[PDB]
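What follows is a single chain, given as structure tokens, in the form deposited in one PDB entry.
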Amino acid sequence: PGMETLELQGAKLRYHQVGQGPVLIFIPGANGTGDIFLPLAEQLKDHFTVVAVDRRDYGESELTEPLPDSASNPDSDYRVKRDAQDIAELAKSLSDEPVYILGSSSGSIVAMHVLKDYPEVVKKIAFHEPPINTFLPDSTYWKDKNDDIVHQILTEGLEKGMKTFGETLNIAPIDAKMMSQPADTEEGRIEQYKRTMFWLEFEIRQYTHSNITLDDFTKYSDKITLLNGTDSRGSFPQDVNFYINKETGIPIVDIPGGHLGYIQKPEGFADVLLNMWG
């Protein structure tokens, strides 16, 4: 709304444009959207054609293709180079002459890569408070500090909500210890976080309130066995089975282990499945 569109490879790039005169392209930082520049643009519109971009991963811009799987790697250069190319292609569609460019924060980093890889579109460029470290002395120190902070923030946020969730459902301590144990590797721990966040957004609410009724069980009563772990007593999922059994007559079979008894006590769990179905 109020925004123009430039279609590029993998994205529809949306930007605000106001004013008259030489093109001045503003590149946003962490918020990623050009609206943060509109009060500044109002002050400038008599001297520049001000262009404030939503970078392709943000705001009203939209990817038309998924990012490469490699983009989640901390060393990936795909996004920063693609953002820089976005600016250069937006510059050429708006002007035949080199333009004015200002980026702030990560936007200044994009602007450095515009200058490096497409200097032909740069008349003048400004780097407002850039947080890049690569050329600093001992830049590995700052790279490692950033990698650590990101790791800490992501992993710590989920463990709080995962404790609360466990206490709500009265999951046994044994079970909660094991379905929250952090993976033995670096990539194992990241995949855990991604897995848990997908589960939170896309599974737990959708599945636990899905359209199942007791009528759906009684039709096929003779086929159903309900399994409660002998080490997970008092937890919410056992109450769910207790209710099904109360209202349908379908029997509960007790089985070793807790909520994860199939991995906690494999031989014991198996023995019971053979009792049932062997």
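For every residue, the number given is its place in the sequence shown, counted from 1.
Another form exists, deposited in another entry; not displayed. Remarks below refer to it.
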query: Which listed residue lies at the hinge, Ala71, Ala172, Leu154, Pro66, rigid motion between the shown form and the other one; finding: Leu154
query: Closer or farther in that other deposited form, the Cα atoms of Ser70 and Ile190, when the shift from this form is 3 Å or more; finding: closer
query: Sense of CA distance change between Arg189 and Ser70 in that other deposited form, threshold 3 Å; finding: closer
